[PDB]
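Colleague: Dropping in target04.cif, which is mmCIF, C-alpha atoms and all ligand atoms:
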data_my_file
#
loop_
_atom_site.label_atom_id
_atom_site.label_comp_id
_atom_site.auth_asym_id
_atom_site.auth_seq_id
_atom_site.Cartn_x
_atom_site.Cartn_y
_atom_site.Cartn_z
CA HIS X 1 22.93 -8.61 1.70
CA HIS X 2 19.80 -6.90 0.22
CA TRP X 3 17.09 -4.96 2.15
CA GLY X 4 14.19 -6.77 3.75
CA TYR X 5 12.26 -7.12 7.04
CA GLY X 6 14.59 -9.58 8.83
CA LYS X 7 16.64 -9.24 12.03
CA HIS X 8 19.72 -8.04 10.01
CA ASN X 9 18.33 -6.15 6.93
CA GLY X 10 15.12 -4.53 8.30
CA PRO X 11 13.90 -0.93 8.28
CA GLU X 12 16.50 0.28 10.84
CA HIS X 13 19.25 -0.68 8.30
CA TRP X 14 17.75 0.80 5.12
CA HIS X 15 19.40 4.25 5.57
CA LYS X 16 22.83 2.78 4.80
CA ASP X 17 21.88 2.01 1.17
CA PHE X 18 19.02 4.64 0.95
CA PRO X 19 19.95 7.75 2.96
CA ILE X 20 16.56 9.34 2.07
CA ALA X 21 15.25 6.88 4.74
CA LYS X 22 15.95 9.76 7.23
CA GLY X 23 14.39 12.43 4.91
CA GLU X 24 11.80 15.16 5.37
CA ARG X 25 8.69 13.38 3.93
CA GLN X 26 9.02 9.67 4.81
CA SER X 27 6.13 7.24 5.14
CA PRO X 28 4.36 5.73 6.89
CA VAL X 29 3.33 8.02 9.79
CA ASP X 30 1.07 7.89 12.82
CA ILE X 31 -2.22 9.72 12.14
CA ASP X 32 -3.04 11.64 15.28
CA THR X 33 -6.82 12.05 14.82
CA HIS X 34 -7.05 15.02 17.23
CA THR X 35 -4.21 16.98 15.36
CA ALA X 36 -5.42 16.28 11.72
CA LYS X 37 -7.39 19.31 10.47
CA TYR X 38 -10.62 19.12 8.46
CA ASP X 39 -9.84 20.87 5.12
CA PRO X 40 -13.26 21.89 3.70
CA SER X 41 -11.45 22.83 0.43
CA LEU X 42 -10.56 19.14 -0.36
CA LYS X 43 -12.65 18.22 -3.51
CA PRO X 44 -14.59 14.91 -3.35
CA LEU X 45 -12.50 11.77 -4.02
CA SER X 46 -13.28 9.93 -7.33
CA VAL X 47 -12.39 6.22 -7.48
CA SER X 48 -13.29 5.00 -11.06
CA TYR X 49 -12.43 1.25 -11.16
CA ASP X 50 -15.38 -0.13 -13.32
CA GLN X 51 -13.03 -0.55 -16.38
CA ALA X 52 -10.02 -1.93 -14.39
CA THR X 53 -8.08 -4.72 -16.22
CA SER X 54 -6.12 -6.93 -13.79
CA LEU X 55 -3.40 -9.06 -15.46
CA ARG X 56 -1.20 -10.98 -13.06
CA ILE X 57 -0.26 -11.62 -9.42
CA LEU X 58 3.44 -11.74 -8.47
CA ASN X 59 5.32 -12.74 -5.29
CA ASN X 60 8.20 -10.21 -5.38
CA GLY X 61 9.95 -11.65 -2.27
CA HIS X 62 8.53 -9.13 0.22
CA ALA X 63 4.84 -8.89 -0.69
CA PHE X 64 2.56 -9.89 -3.56
CA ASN X 65 1.47 -7.43 -6.26
CA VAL X 66 -1.78 -7.57 -8.29
CA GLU X 67 -0.83 -5.78 -11.52
CA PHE X 68 -3.21 -3.91 -13.90
CA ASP X 69 -3.06 -2.88 -17.55
CA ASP X 70 -2.24 0.90 -17.25
CA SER X 71 -1.50 1.46 -21.04
CA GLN X 72 -4.73 3.59 -21.12
CA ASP X 73 -7.01 5.51 -18.61
CA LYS X 74 -9.26 2.66 -17.44
CA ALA X 75 -8.93 2.51 -13.62
CA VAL X 76 -8.20 6.07 -12.29
CA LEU X 77 -8.11 8.04 -9.05
CA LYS X 78 -8.96 11.78 -9.20
CA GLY X 79 -10.23 14.53 -6.92
CA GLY X 80 -9.59 14.77 -3.19
CA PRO X 81 -6.15 16.46 -2.80
CA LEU X 82 -5.10 15.44 -6.36
CA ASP X 83 -4.51 17.66 -9.38
CA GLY X 84 -5.20 15.66 -12.58
CA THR X 85 -5.53 11.93 -13.28
CA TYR X 86 -3.70 9.04 -11.57
CA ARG X 87 -3.82 5.57 -13.19
CA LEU X 88 -4.01 2.34 -11.12
CA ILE X 89 -0.93 0.17 -11.81
CA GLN X 90 -0.93 -2.35 -8.90
CA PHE X 91 -2.07 -3.13 -5.41
CA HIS X 92 -0.38 -4.98 -2.61
CA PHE X 93 -0.61 -5.48 1.16
CA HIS X 94 1.50 -5.25 4.31
CA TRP X 95 0.60 -7.61 7.17
CA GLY X 96 1.71 -9.00 10.50
CA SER X 97 2.60 -12.29 12.20
CA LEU X 98 -0.28 -11.57 14.71
CA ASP X 99 -3.58 -9.67 14.32
CA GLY X 100 -2.30 -6.83 16.56
CA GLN X 101 0.32 -5.60 14.02
CA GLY X 102 0.81 -5.40 10.25
CA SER X 103 -0.30 -1.95 9.16
CA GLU X 104 2.25 0.70 8.18
CA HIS X 105 0.12 3.76 9.03
CA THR X 106 -1.23 3.83 12.55
CA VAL X 107 -4.23 5.72 13.95
CA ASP X 108 -3.63 7.23 17.42
CA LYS X 109 -0.78 4.61 17.60
CA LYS X 110 -3.30 1.77 16.85
CA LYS X 111 -1.85 -0.89 14.49
CA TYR X 112 -4.26 -2.77 12.21
CA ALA X 113 -3.72 -6.43 11.11
CA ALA X 114 -2.85 -5.35 7.55
CA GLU X 115 -2.88 -2.43 5.11
CA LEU X 116 -3.85 -2.43 1.40
CA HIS X 117 -1.99 -0.01 -0.94
CA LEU X 118 -3.58 0.77 -4.35
CA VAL X 119 -0.73 2.47 -6.24
CA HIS X 120 -1.51 5.07 -8.95
CA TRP X 121 0.77 7.23 -11.12
CA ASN X 122 0.25 10.77 -12.42
CA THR X 123 -0.47 10.48 -16.20
CA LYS X 124 1.14 13.98 -16.84
CA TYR X 125 4.58 12.26 -16.42
CA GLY X 126 3.85 9.64 -19.14
CA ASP X 127 5.29 6.51 -17.36
CA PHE X 128 5.63 5.29 -13.74
CA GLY X 129 9.43 5.52 -13.83
CA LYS X 130 9.30 9.27 -14.65
CA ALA X 131 6.46 9.82 -12.12
CA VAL X 132 8.51 8.44 -9.14
CA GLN X 133 11.11 11.23 -9.81
CA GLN X 134 8.42 13.89 -9.13
CA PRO X 135 7.03 15.18 -5.78
CA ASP X 136 3.45 14.63 -7.07
CA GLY X 137 4.17 11.52 -9.16
CA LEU X 138 2.16 8.86 -7.25
CA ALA X 139 -1.05 8.61 -5.27
CA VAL X 140 -1.52 5.65 -2.95
CA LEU X 141 -4.97 4.79 -1.59
CA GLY X 142 -4.35 3.13 1.79
CA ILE X 143 -7.02 0.91 3.37
CA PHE X 144 -6.75 -0.71 6.80
CA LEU X 145 -7.67 -4.38 7.39
CA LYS X 146 -9.11 -5.61 10.70
CA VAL X 147 -9.92 -9.25 11.49
CA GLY X 148 -13.63 -10.12 11.81
CA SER X 149 -16.11 -11.01 9.05
CA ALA X 150 -14.71 -12.29 5.73
CA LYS X 151 -14.30 -9.86 2.80
CA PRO X 152 -15.97 -11.69 -0.12
CA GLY X 153 -14.14 -9.49 -2.68
CA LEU X 154 -10.74 -10.61 -1.24
CA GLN X 155 -11.28 -14.43 -1.56
CA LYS X 156 -10.18 -14.61 -5.25
CA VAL X 157 -6.83 -13.18 -4.07
CA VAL X 158 -6.58 -15.57 -1.06
CA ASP X 159 -7.37 -18.59 -3.28
CA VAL X 160 -4.49 -17.95 -5.79
CA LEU X 161 -1.74 -17.45 -3.11
CA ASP X 162 -0.95 -21.22 -3.02
CA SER X 163 0.22 -20.82 -6.67
CA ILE X 164 2.75 -17.97 -5.86
CA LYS X 165 4.16 -19.24 -2.57
CA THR X 166 7.81 -18.25 -3.22
CA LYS X 167 9.75 -15.25 -4.51
CA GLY X 168 9.59 -14.78 -8.32
CA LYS X 169 6.45 -16.89 -8.86
CA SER X 170 3.57 -15.25 -10.80
CA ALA X 171 0.10 -16.40 -11.97
CA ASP X 172 -2.44 -15.09 -14.47
CA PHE X 173 -4.96 -12.94 -12.51
CA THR X 174 -7.52 -11.52 -14.97
CA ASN X 175 -10.96 -10.00 -14.36
CA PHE X 176 -10.34 -9.12 -10.67
CA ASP X 177 -12.52 -6.14 -9.62
CA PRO X 178 -10.74 -3.98 -7.02
CA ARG X 179 -14.06 -2.25 -6.12
CA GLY X 180 -14.65 -5.37 -3.93
CA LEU X 181 -11.81 -4.25 -1.62
CA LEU X 182 -13.24 -0.77 -0.79
CA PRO X 183 -15.07 0.14 2.42
CA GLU X 184 -18.48 1.90 2.33
CA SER X 185 -17.13 5.40 3.20
CA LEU X 186 -14.39 7.25 1.24
CA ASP X 187 -13.65 9.62 4.21
CA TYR X 188 -9.83 9.99 4.32
CA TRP X 189 -6.72 11.58 5.72
CA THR X 190 -4.06 12.90 3.34
CA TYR X 191 -0.42 14.00 3.61
CA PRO X 192 2.69 14.21 1.42
CA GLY X 193 5.05 11.24 1.83
CA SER X 194 7.11 8.51 0.29
CA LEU X 195 7.35 4.92 -0.86
CA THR X 196 7.43 2.77 2.31
CA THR X 197 9.94 0.34 0.65
CA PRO X 198 13.38 1.11 -0.76
CA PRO X 199 14.13 3.22 -2.68
CA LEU X 200 11.88 5.29 -0.36
CA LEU X 201 11.35 8.01 -2.99
CA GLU X 202 9.49 11.13 -1.78
CA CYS X 203 6.95 11.08 -4.62
CA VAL X 204 3.65 10.02 -2.95
CA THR X 205 0.41 11.79 -2.09
CA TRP X 206 -0.99 9.48 0.60
CA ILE X 207 -4.76 9.08 0.85
CA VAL X 208 -5.60 6.84 3.86
CA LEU X 209 -9.25 5.81 4.30
CA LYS X 210 -10.68 6.15 7.80
CA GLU X 211 -13.02 3.11 7.53
CA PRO X 212 -11.17 -0.22 7.72
CA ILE X 213 -12.35 -3.29 5.80
CA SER X 214 -13.01 -6.52 7.68
CA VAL X 215 -11.30 -9.75 6.57
CA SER X 216 -11.57 -13.18 8.26
CA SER X 217 -8.90 -14.86 10.39
CA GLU X 218 -8.75 -17.60 7.66
CA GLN X 219 -8.11 -14.92 4.95
CA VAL X 220 -5.14 -13.29 6.78
CA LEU X 221 -3.77 -16.76 7.80
CA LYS X 222 -3.40 -17.49 4.04
CA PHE X 223 -1.32 -14.27 3.60
CA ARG X 224 0.97 -15.54 6.40
CA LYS X 225 1.65 -18.87 4.55
CA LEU X 226 3.50 -17.03 1.73
CA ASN X 227 7.32 -17.16 1.67
CA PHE X 228 9.97 -14.43 1.38
CA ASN X 229 12.40 -17.10 0.07
CA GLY X 230 12.65 -18.54 -3.45
CA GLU X 231 11.72 -22.14 -4.27
CA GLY X 232 14.27 -24.69 -2.99
CA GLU X 233 15.51 -22.30 -0.21
CA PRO X 234 14.99 -22.49 3.58
CA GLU X 235 11.38 -21.47 4.38
CA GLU X 236 10.94 -17.95 5.80
CA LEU X 237 7.27 -17.04 6.27
CA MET X 238 6.24 -13.73 4.64
CA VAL X 239 5.01 -11.91 7.77
CA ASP X 240 5.78 -8.46 9.29
CA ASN X 241 6.56 -6.84 5.94
CA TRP X 242 5.65 -3.37 7.31
CA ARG X 243 7.81 -0.29 7.94
CA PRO X 244 7.05 1.42 11.27
CA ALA X 245 5.86 5.03 11.60
CA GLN X 246 8.41 7.71 10.64
CA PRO X 247 8.77 11.26 11.98
CA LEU X 248 6.08 13.64 10.70
CA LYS X 249 8.58 16.58 10.58
CA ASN X 250 7.19 19.71 8.87
CA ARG X 251 3.95 18.10 7.64
CA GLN X 252 0.22 18.46 8.32
CA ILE X 253 -2.27 15.62 7.93
CA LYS X 254 -5.59 16.91 6.49
CA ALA X 255 -8.98 15.24 7.05
CA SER X 256 -11.69 15.15 4.35
CA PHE X 257 -14.37 14.91 7.11
CA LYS X 258 -15.59 16.65 10.33
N1 LIG K 1 4.25 0.57 -0.05
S1 LIG K 1 4.06 1.73 -1.14
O1 LIG K 1 4.69 2.96 -0.68
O2 LIG K 1 2.66 1.78 -1.45
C1 LIG K 1 4.82 1.28 -2.69
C2 LIG K 1 5.44 0.05 -2.81
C3 LIG K 1 5.80 -0.47 -4.05
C4 LIG K 1 6.40 -1.80 -4.09
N2 LIG K 1 7.12 -2.28 -3.08
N3 LIG K 1 7.64 -3.36 -3.64
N4 LIG K 1 7.28 -3.54 -4.89
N5 LIG K 1 6.48 -2.55 -5.21
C5 LIG K 1 5.53 0.26 -5.22
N6 LIG K 1 5.77 -0.30 -6.49
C6 LIG K 1 5.19 0.19 -7.75
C7 LIG K 1 5.33 -0.76 -8.89
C8 LIG K 1 5.54 -2.13 -8.85
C9 LIG K 1 5.83 -2.64 -10.14
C10 LIG K 1 5.78 -1.71 -11.11
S2 LIG K 1 5.41 -0.19 -10.50
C11 LIG K 1 5.00 1.53 -5.10
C12 LIG K 1 4.65 2.04 -3.85
CL1 LIG K 1 3.95 3.61 -3.78
ZN ZN K 2 2.84 -0.62 0.33
#
Could you take the file, read its structure, and then write that structure out as structure tokens?
Modeller:
Amino acid sequence: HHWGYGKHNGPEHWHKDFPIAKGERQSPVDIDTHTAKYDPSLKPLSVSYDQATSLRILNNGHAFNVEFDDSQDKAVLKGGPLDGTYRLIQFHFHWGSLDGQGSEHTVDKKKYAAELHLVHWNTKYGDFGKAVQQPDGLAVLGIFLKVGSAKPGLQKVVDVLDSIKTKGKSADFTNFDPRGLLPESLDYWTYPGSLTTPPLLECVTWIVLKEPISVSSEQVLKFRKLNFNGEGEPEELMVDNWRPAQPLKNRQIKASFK
């Protein structure tokens, strides 16, 4: 009876196994655009992905992860609110059953169709497992998806999903360039938060881009054909794998822009 996003094991249940679910810095949150303050002291954000080495794509039974070689400083996030160097380890998405829901963060209570999370760990802690035990251990770059024009840089991901339909399936996924998933502007909001999946550790600096990327209806429809189940089990479509907005509590959301 493990956590998930079903009727009986969804986000409202997670506190029973993970009491930090009701903690002081849980994610995601609603970004109230009128309450977020411009912080002119935020340094410019540095996304250095030209040397990124993608390795593999995995269906982990609640999303799919694109994993990178993070055994050296190739693909790194620096600047903005961050002290030091954060190495890209994986990206994944959250999405909906319908275009009107799917994102984890919301903007003035608006839900986007999906949300991309590029997960990075703080290299001063030496490995990801040590970093998630620290209040500044991770940095996640969050990017909203809206449905409209296709995102050409997403299609290589869409086209491999047929090969990882069910939980525990993986496929080689080399030479994927995550720069193709970025919007034009790097304007962002930032706040201290958590993992949005169990174990919900309070170890994340969130950096959420203001500009959404556009993907096509056909692209998001292919996300919704994945399965939560393993092979040879009753089909349960992988949709609505998002945690809703959590209380902001004693936190301020800072804007990089006026
Ligand atoms: N939604 S999120 O707050 O961005 C988050 C979600 C996951 C996730 N959910 N399920 N599987 N991974 C994650 N895993 C990191 C790694 C995966 C494998 C080796 S390290 C990290 C973060 Cl910060
Ligand atoms: Zn995520």
Colleague: Of the candidates X:27, X:72, X:48, X:101, which shows the shortest atom-to-atom distance to ligand LIG 1 (chain K), using all atoms listed in the file?
Modeller: X:27
Colleague: To one decimal place, how far is atom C2 of ligand LIG 1 (chain K) from CA of residue 131 in chain X in Å?
Modeller: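 Result for atom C2 of ligand LIG 1 (chain K) versus CA of residue 131 in chain X: 13.5 Å, one decimal.
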Colleague: Which of these residues is nearest to residue 236 in chain X, using only C-alpha atoms: X:179, X:94, X:62, X:87?
Modeller: X:62
Colleague: Taking (-8.5, 17.0, -2.3) in the file's coordinates as the center, which residues reach within 6 Å of it, counting only C-alpha atoms, put as a list in words?
Modeller: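 Neighbouring residues, ordered by chain and number, come to residues 42, 43, 79, 80, 81 and 82 of chain X.
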Colleague: With a distance cut-off of 9 Å and all atoms listed in the file, select the neighbouring residues of residue 22 in chain X, excluding the residue or stretch itself and same-chain residues fewer than 5 positions from it, and output the selection as a list in words.
Modeller: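 The contact residues come out as residues 15, 246 and 247 of chain X.
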Colleague: If I take CA of residue 26 in chain X and CA of residue 83 in chain X, how far is one from the other in Å, to one decimal?
Modeller: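 Here the two named atoms are 21.2 Å from each other.
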Colleague: Please work out which residues fall within 8 Å of (-1.0, -16.9, 0.7), coordinates as given in the file, with all atoms listed in the file counting, and return them as a PyMOL selection string.
Modeller: chain X and resi 158-162+164-165+221-226
Colleague: Please give me, as a ChimeraX atom specification, the residues lying within 9 Å of ligand LIG 1 (chain K) when counting only C-alpha atoms and all ligand atoms.
Modeller: /X:27-28,60-65,67,89-94,104,116-121,128-129,132,138-142,193-201,203-204,206,242-243
Colleague: I'd like to know which of X:248, X:220, X:31, X:55 is closest to residue 113 in chain X, using all atoms listed in the file.
Modeller: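 Smallest separation from residue 113 in chain X among the options: X:220.
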Colleague: Taking into account all atoms listed in the file, which residue in the set X:38, X:144, X:5, X:112 is nearest to residue 98 in chain X?
Modeller: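 When distances to residue 98 in chain X are compared using all atoms listed in the file, the smallest one comes from X:112.
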Colleague: Please report the interatomic distance between CA of residue 39 in chain X and CA of residue 250 in chain X in Å with one decimal.
Modeller: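 A separation of 17.5 Å between them.
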Colleague: Which residue is closest to ligand ZN 2 (chain K)? Choose from X:10, X:178, X:102, X:40 and count only C-alpha atoms and all ligand atoms.
Modeller: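 Ranking X:10, X:178, X:102, X:40 by distance to ligand ZN 2 (chain K), first place goes to X:102.
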Colleague: Out of X:77, X:253, X:145, X:154, which residue has the shortest atom-to-atom distance to residue 192 in chain X when counting all atoms listed in the file?
Modeller: X:253
Colleague: To box range 188-192 of chain X, take all atoms listed in the file, fit an axis-aligned box, add 4 Å on each side, and give centre and edge lengths in Å to one decimal, as lines of an AutoDock Vina configuration file.
Modeller:
center_x = -3.6
center_y = 12.1
center_z = 3.6
size_x = 20.5
size_y = 12.2
size_z = 12.3
Colleague: Excluding residue 176 in chain X and residues on its chain fewer than 6 positions from it, collect all residues at most 12 Å away from it, counting all atoms listed in the file, and give them as a list in words.
Modeller: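 Once the nearby chain positions are removed, what remains is residues 49, 50, 51, 52, 53, 54, 55, 56, 57, 66, 67, 68, 69, 90, 91, 153, 154, 155, 156, 157 and 160 of chain X.
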Colleague: Contacts of residue 252 in chain X at 8 Å or less, counting all atoms listed in the file, minus same-chain residues fewer than 4 places along, as an MDAnalysis selection string?
Modeller: chainID X and resid 36:37 191 248
